């Protein structure tokens, strides 16, 4: 309602307890070609294809706000390029935009659930067991956070049936508002992404039409 | 906030060898932001995201003084500098994205996702200071001719994240925005020409 | 804010001479605050002060990884480190006191006055940062045995000063709090032991 | 309603115009024993026995919010110890907690009325005549302030019929709120205390049951 | 006797760049040989040579402590170290061969001749000291995932040369053997993970 700093600009990146992860440097000597994507793609963030979501005051703590897996399907550019190659390596950088109204309150948690972890429940009791961050729905700045390619093999086939370290944001505390009149501000959260330092594809293929 | 993934666009240093003259502007014009003819909008709490708040292309028509001077020359070339102002108190919430579409782009609808793929900036409705950003003259020709509007770089302003405010019984508290512009450092006209009456 | 009238409690340096081994923990476990099993509450504007928001004793059961490791050892000893998070905007008012009761105390009701007599901290509901504080292992024995829950130091969280906020027609705007914990620098297990099936 | 600094964190201790006052150092050569209380009691503040009060928007300027006299009856620890001795000396330190909602407004005044002053009226016209402080009901930090033992004799008998420099907080301006909806936040104020540098008792006695 | 035609297999130094973490083990676990779940047999004078005395693959299931820890992580990688003990006096005769089959091998019968073609050791039944030998983690992937048993290197123990002893009227004097194991120097788990209940 105003430009004040009665919000929590918690752009602080709490040190996520995880080592760096090597990207395309591990798959280079195993790809028959030399491939490289447009450097300008590494420059600006861009909304993930499924990058929109919303938190309502009737959402229950534990509901999965989103759960998206690492892969080329997180950038429109990368998704478009993935139709030309067969395989991809590397990490990703994701910004979360949660700039709800100052009359709101509530907290969510974002976790880097590793591969091979059984999908499904991921209850609120165990969401904090993973390397995670606690975010307030009133944060001004976009929250940056990495998406590393914790993998068992050299690269993942561009047909992404593989297991990748998915990133899951879950509602931790109920969303409540504080304004005196007949309205609870549902907060609209967005998700931007861009490839990490050495994200890369491997082997050129005919750019299939119906990807 | 003036950090967009763009290269510096040369203007009036690329059109000099093929222009008869390179005419200058009253330097006072470089020191006053003037309201662009259609750079204004007003967001309402019921405005759905994805709407186009404003859309306007680079050219001497964005500035009344520049439009008046254009009637006296043959061609023009160079960049401009714009700034957006938003009227919102600290009790608001919502985002607006402003992108720089290239001067060759299939017109039509743009979803709230595509708008981020251009070199752009995202702006909260609680920003006090005017948001300044450049309007570069991307082109294939050397210098644009004044007497025919050809394709130029455009600013597009899309409602990114909807407005979240309270409002009294009246009148729903729109957040109004305006856009001002002025010539950049190297905006010049080309060839002095008798001003034809119907320009 | 981590200044409570308490002395540093020695752990795993006092139990070493009488322990067969002193087993260590995966250091990664020391670097992640995990949600305690019952460290959660939600204050309402009609919650009267003096209520117990949460109450929980020190032990390997406060951490899922520590609980899992406890099935592999005979005894444990050491301190832990906890932090409280509160979800409240700047338009709230009310205080919550968190005290460190010693590991021998007649259970029962505690008035809003007695709760301040323990080493404690008072916290407004408008605190952004997590409130960190230690959980020391005050004891009479050297190292606690894993297979029997004996008396340990407890954290008690009492609603000190009631909540003062507005609220829309729904749903009265509770202020929710959560409690996370992790092992301190000198939390160790004692004697490696085959994990019996029903632990 | 938010974590902003739209409040008055006036933890400033306006210089109360009063000299320091010697405590137990004056009664030591007149007590037959050597007595001393637990040092840990001097460490943390604790809510006074009668340390709770509340300000309502219907309270009138001039109403005595509280009026409490210096003595061992201001700490649960000191009150419990007072049953063992016969007499006490020394000063006290008192924190006042007035952290009302940001939509409130109003001011109170705290004064150190000396001994032998006639109890009763203490009208709003004269509350400022004493060494006093003006406090806003929206203060974040606890307001610290001393309670010196301005006395005529060496010590006061632990039966506190004596005259001690009582401390009196009175509502100075009416409490009004500013939020738009059908509610005036009554503010709950608290009072914590702890003994000063050389507060002390004198002579041990049988710890009477019904104190 | 720990000289088999094998190369040193790198573990946890090859899986580090692609693992989020590299978790360590209670060092005490490195200092106790524990009985493998099926590492036991008993040769009789009528046992024909060529029989499989035991056969067991590398993995965290060979050690109760390692099996318990596996429920807490995502992946594992590294080598192990095993030792065989035989109970035979000086009045016996007969040989037993222990081979290291690679982690990709058509299962089926193995004659007493093929068993020698692997990197192996031959052992008389009159050996007092435990026979120590490594179990390396030959693989194609970087680090094995804890929640799915994939192919790993196996130890196979075949009765090479039959037993030649006298025996009283009872009970024919079997020669019993047991197999113990423990983690090698660079056996690690990969990614700390909440222990799912049915692991």
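Residue numbers (the deposited numbering), protein chains in the order written: chain B, 15 to 225; chain C, 27 to 225; chain C', 27 to 225; chain B', 15 to 225; chain C'', 27 to 225. A prime marks a further copy of an entry chain.
We treat Cβ as the ideally placed atom computed from N, Cα and C, and that holds for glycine.
Can residue i and residue j be called in contact, C-beta distance under 8 Å?
i                       : j                      : result
residue 219 (chain C)   : residue 171 (chain C)  : no
residue 154 (chain C')  : residue 22 (chain B)   : yes
residue 119 (chain B)   : residue 15 (chain B)   : no
residue 107 (chain B')  : residue 160 (chain B') : yes
residue 200 (chain C'') : residue 78 (chain C'') : no
residue 124 (chain C')  : residue 146 (chain C') : yes
residue 214 (chain B')  : residue 49 (chain B')  : yes
residue 65 (chain B)    : residue 180 (chain B)  : no
residue 109 (chain C')  : residue 217 (chain C') : no
residue 196 (chain C')  : residue 39 (chain C')  : no
residue 128 (chain C')  : residue 102 (chain C') : no
residue 59 (chain C)    : residue 67 (chain C)   : no
residue 35 (chain C)    : residue 126 (chain C)  : no
Taking 8 Å as the CB-CB limit, is residue i close to chain B'?
i                      : result
residue 195 (chain B)  : yes
residue 236 (chain C') : An answer regarding residue 236 (chain C') cannot be provided, because it is not within the stretch 27 to 225 covered by chain C'.
residue 125 (chain C') : no
residue 18 (chain B)   : yes
Using 10 angstroms around the beta-carbon of residue i, count the other beta-carbons present and answer buried if the total reaches 16, otherwise exposed.
i                       : result
residue 183 (chain B')  : buried
residue 94 (chain B)    : exposed
residue 74 (chain C')   : exposed
residue 62 (chain B)    : buried
residue 54 (chain B)    : exposed
residue 209 (chain C')  : buried
residue 165 (chain C'') : buried
residue 52 (chain C')   : buried
residue 141 (chain C)   : buried
residue 130 (chain C)   : exposed
residue 148 (chain C)   : buried
residue 163 (chain B')  : buried
residue 174 (chain C)   : exposed
residue 222 (chain C'') : exposed
residue 121 (chain B)   : buried
residue 143 (chain B)   : buried
From the DSSP secondary-structure annotation, give me the bridge partner or partners of residue i.
i                       : result
residue 181 (chain B')  : B':82
residue 212 (chain B)   : Beta-bridge pairing links residue 212 (chain B) to no other residue.
residue 102 (chain C')  : C':170, C':215
residue 160 (chain C'') : C'':107
residue 149 (chain C')  : C':122
residue 60 (chain B)    : B:207
residue 116 (chain C')  : B':16
residue 190 (chain C')  : Residue 190 (chain C') pairs with nothing; no bridge assigned.
residue 49 (chain C'')  : C'':215
8 Å is my cut-off, CB to CB: does residue i come that close to chain B?
i                       : result
residue 129 (chain C)   : no
residue 186 (chain C'') : no
residue 144 (chain C')  : no
Does any C-beta atom of chain C lie closer than 8 Å to the C-beta of residue i?
i                     : result
residue 213 (chain B) : no
residue 54 (chain B)  : yes
residue 63 (chain B)  : yes
residue 151 (chain B) : no
Strictly under 8 Å for the Cβ-Cβ distance: is residue i near chain C' by that measure?
i                      : result
residue 192 (chain B') : no
residue 90 (chain C'') : yes
residue 60 (chain B')  : yes
Taking only beta-carbon atoms, is residue i less than 8 Å away from chain C''?
i                      : result
residue 220 (chain C') : yes
Does the beta carbon of residue i sit closer than 8 Å to a beta carbon anywhere in chain D?
i                     : result
residue 24 (chain B') : No chain D appears in this structure, whose protein chains are B, C, C', B' and C''.
Give, in chain order, every residue of the region 68-84 of chain C' whose Cβ lies closer than 7 Å to some Cβ of chain B'. none
Where the region 36-50 of chain C' meets chain C'': residues whose CB sits under 8 Å from a CB there: 47, 49, 50
For the region 197-210 of chain B, enumerate the residues whose C-beta is nearer than 8 Å to any C-beta of chain C', in chain order. 197, 198
Within 7 Å of chain B by C-beta, residues of the region 153-176 of chain C'' in sequence order: 167, 168, 169, 171, 173
Below 9 Å between beta carbons is the criterion; list the residues of the region 93-122 of chain C'' that meet it against any residue of chain B, in chain order. 100, 101
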